[PDB]
């Protein structure tokens, strides 16, 4: 039943209305598909999990309780917080324990998210539900007067596999240790959804929260859309694009325009495929990285007089220079034998320091990849800029602040990063199955 069900909109935990929130990671049931209540994991009882929303400079406070069978912890993905609140895998809290998160937001507006991060089990916990979105606001962005209220939409894209009953299926074959691809696409935990829209501008806040699938998103119905932000918030100026690549854990802030749409018409969000991301052979039962897949439909149901007008200066981004760095280092992304995914040919030791870095310095990290697969590389505790790629695929998201960057097979991506927060952090591929099977490491800011 294509585009039968209405898109679910997450409740907001807005830190202008909430001083301290409560999350409790617990077993739940929802009918994601086939009217089958399937076992899921939630933070406050249902899916989608709530969108946190906070101004820069406000105090974030959240009491997290773990009612789950095994230890876990929440990582606030893209946030610049003290290591003790970052949700390092070594800080997982046991069943029936409490962690009190407290930090002062101190970073520019942008589109972030949050998920649990237990060592070896992150792919599973996110697959069964423990993720949501986090939005930081600031005065710059507010003064832009971008489409807001009913015209800003969170979109969490996750591909899934369901059985005949309607229950969820995670890993099935050995090839799935290389990444779980799915044949059903959910947005905001809704299978094949539809959104009733007006024929004006909509700001879409897009997170790829899948296990593995890299999406090449296009809208069949409109001619253009506008890239205005990445992981780290607004670009300097909009970029007109016809399609857009987004890997796991990456975030995009686009503007779409329905002004030429007649009532009764539709625009369909879909992925055009990206066969180049994967040179292994995926589980045959499920479509591969090149698959064309419909994702959701926006139904144009009402005419609108809204004239908002997207500014041409969005923000300023000081473009860091290669000479500003005082050290270069190389991270190799390979598969070593036994099918263990690694960085620098080492499996993750939770207790070992793989890179030691001076607090307040600027470094060039060169990320070199092997032939087998594209990898989304993420670092905690930092935002970085993309100095350069060697492959030729056009990545307009390079033009913005980033925390996760897609590294193509045999590509070298060379990023530049200033370390502002001390402590032990992790860097890793964010393909969840690879991270779970050891593609992870620690760096120490000192």
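Residue numbers count along the first chain shown, from 1.
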Should the higher mean CA B-factor in the entry be assigned to 26-34 or to 407-415? 26-34
With respect to the recorded C-alpha B factors, which stretch has the higher mean value, 372-380 or 144-152? 144-152
Take the CA temperature factors straight from the PDB entry and tell me which of 231, 366, 265, 83 peaks. 265
From 173, 362, 330, 72, the top C-alpha temperature factor is at 173
Is residue 139 in the lowest, middle or highest third of its chain when residues are ranked by C-alpha B-factor? middle
Would the CA B-factor of residue 11 place it in the lowest, middle or highest third of its chain? middle
Lowest, middle or highest third of the chain for the C-alpha temperature factor of residue 90? middle
Split the chain's modelled residues into thirds by Cα B-factor; is residue 319 in the lowest, middle or highest one? middle
Determine, from the deposited record, the chain-internal third of the Cα B-factor for residue 99: lowest, middle or highest. lowest
